[PDB]
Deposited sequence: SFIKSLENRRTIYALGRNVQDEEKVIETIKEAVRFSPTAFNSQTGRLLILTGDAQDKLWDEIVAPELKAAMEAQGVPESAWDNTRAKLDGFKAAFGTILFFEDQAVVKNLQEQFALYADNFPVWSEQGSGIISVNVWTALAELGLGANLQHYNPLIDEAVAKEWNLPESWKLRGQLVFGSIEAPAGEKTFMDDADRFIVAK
């Protein structure tokens, strides 16, 4: 069921490269995003999908140095990210947001918020789709630190605002324990 699928999605930090079908994975990622809803069907999400050489480059040449060259003013956490099969960088196209604000100024204040919600939406739908394939993932946030260098290396338009980075790969160790709130404190039903 769909509920079971949601349940199978978890944060997996121990990731490897035991991935059997790269293309199938890529297609699944696109689909998860394609069939995700967005305000006005604006489809503001953008993805950079890195595997192999680019995966190593992101973490060894970009994240790590900018992290270390910042602390001044890490591993083997970074080693754990690099060791994964790939990283999916989620952006939101600010250009579309601005246009929407102009075309429909009645909702100018909303589009930014709906865009943010849209990033959460596609991020978890990809995350869950990958879990269904038996692949694990975890979501990182080294934005805005690495924004500039990522755009430069992969020639991304300036309008792509980085929101998060979903590291993914083969599951090499199970998710940890997780707790839940009391239902009574977050659900109210009235008839």
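query: How would you list, in order, the spans of the deposited sequence that the model does not cover?
result: That stretch is 74-83, the only one.
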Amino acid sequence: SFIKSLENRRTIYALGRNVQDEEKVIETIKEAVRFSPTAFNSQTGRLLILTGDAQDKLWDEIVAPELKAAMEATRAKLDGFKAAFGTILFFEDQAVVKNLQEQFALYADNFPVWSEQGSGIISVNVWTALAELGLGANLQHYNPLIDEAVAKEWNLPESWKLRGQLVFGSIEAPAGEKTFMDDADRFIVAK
From here on, numbers count along this sequence of modelled residues.
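The term rigid core refers to the maximal set of C-alpha atoms that superpose within 1.5 Å between the two forms.
- request: After fitting on the rigid core, pick out whichever of 64-72 or 48-56 shows the bigger RMS C-alpha deviation in 5 other deposited structures of this protein.
  value: Comparing 48-56 with 64-72, the one that moves more in 5 other deposited structures of this protein is 64-72.
| Farther-lying stretch by C-alpha RMS in 5 other deposited structures of this protein, rigid core as reference, of 117-125 and 98-106 | Between 117-125 and 98-106, the one lying farther away in 5 other deposited structures of this protein is 98-106.
Averaging CA B factors per stretch from the PDB record, which one is higher: 132-140 or 153-161? Comparing averages over the C-alpha atoms only gives 153-161.
Q.
Quick check on the record: does 93-101 or 80-88 carry the larger mean Cα temperature factor?
A. Between 80-88 and 93-101, it is 93-101.
From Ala39, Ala70, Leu47, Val126, residue of greatest CA B-factor: Spelled out: the listed residue with the top C-alpha B-factor is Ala70.
Among modelled residues of the same chain, the CA temperature factor third for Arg186:
For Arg186, the deposited C-alpha B-factor lands in the middle third.
(message) Could you place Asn110 in the lowest, middle or highest third of its chain by Cα temperature factor, using the values in the record?
(response) CA B-factor rank for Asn110: highest third.
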